[PDB]
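Shown next as structure tokens: one chain only, the form deposited in one PDB entry.
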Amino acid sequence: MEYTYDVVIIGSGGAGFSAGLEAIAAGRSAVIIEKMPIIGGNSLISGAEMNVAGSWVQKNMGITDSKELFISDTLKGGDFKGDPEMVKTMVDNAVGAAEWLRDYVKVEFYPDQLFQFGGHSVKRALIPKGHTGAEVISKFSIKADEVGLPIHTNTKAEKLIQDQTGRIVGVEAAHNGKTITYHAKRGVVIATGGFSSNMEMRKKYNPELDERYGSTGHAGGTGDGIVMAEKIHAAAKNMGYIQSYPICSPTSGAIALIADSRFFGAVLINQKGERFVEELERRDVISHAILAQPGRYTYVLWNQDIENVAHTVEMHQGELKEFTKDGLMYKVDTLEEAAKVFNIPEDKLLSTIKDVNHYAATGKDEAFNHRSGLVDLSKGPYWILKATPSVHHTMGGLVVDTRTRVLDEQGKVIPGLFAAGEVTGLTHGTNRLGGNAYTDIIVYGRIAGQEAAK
């Protein structure tokens, strides 16, 4: 079997859909091939909250942002290990990318709602209607059907076709036991995401990312795009830069949204009954601290007073039922009960909370310098939850320029090969700021399809 298009995009996430739509919009034949039976990848189960400095939503609310502030926030976030030109091009194209989603893809964002992720000087993350990436992916596939962009599911790319001159001329994929050849007259776009769900690749670049980390993403995020491109001598950088989330379900690895009480006074307790880290540190700092505790897990503990402010138990009854059923979460009346259900030394826990109560009563956390201020925990009932970290984002990946052209190890452009999204590795640095991944995949996805189409 043999297909021939101008642009062959691998991956039906946000990056691939943007590349595919821009290629078709330029008057070229394109196709998206998707390995999974469903479209969307991690972009589907994502919050799809998009950081934009100068958005129409900010103007509606009276918020004045700045592109240079957005740029410096992102660079300082990755400890200046990110590429300044890649960050600048992302920030400079964020407004146009968000307006493109609103006007071309018909994505509906909330007009009077934004979120401020950690490390952002100004609240700037747009929120899609429904607080889900499905709003974006549904509008993408609807738009793709209107413009005639075919999406081939259950089609796994396995080999890049390189001709005598070194130009990438197509993709060899597997569909229904059979070898499909995808001839790409103009370019191939690699939009395959990261490898957070590839434990053996994780260990290769960081032996500590073994079973003590879960994955917050889908099963398909296995880094196929990096292995494919490297076999034709593409460069990969920063493969060890990995973003984690510290409070995840030990069973599934998913982010434990019921433990968002951490932002309202919840404390992290280890098996000894002690606090060990500021609950509002960087996500990677908290995960590393959790892995230094006995057993490599932590407890999350709060009371009704905090729930009356956070409402995380009320807003996430599914997690409440699952965690309690699996024996990883209890609701108890007293701190003594909270200790015994998890065999925490009672006297050491009572003394720990007493210190928290004192820190709350004087405004200073003498133990870990809580930057918001601890909250009294004298009254119950209490919720106590057991959590472990999970790998969230692989900042490393393929080496590209600001035109998404893939470079080899000497830094030379590989003709016909483009990459955008989490599969690239030059934008974020050592820490991926919240809401920045979606700005990255839409901005560079659009560029990839525009560059591939010429």
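From 1 onward, residues are counted along the sequence shown.
Note that the form deposited in another entry isn't included here; everything after this is about it.
A summary of the domain motion between this form and the one not shown places the hinge between the two rigid parts at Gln243, out of the options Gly187, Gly82, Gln243, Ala266. Put simply, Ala437 and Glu279 come closer in that other deposited form: their C-alpha atoms are 3 Å or more nearer than in the form shown.
In that other deposited form, the Cα positions of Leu433 and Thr216 lie at least 3 Å farther from each other than in the form displayed.
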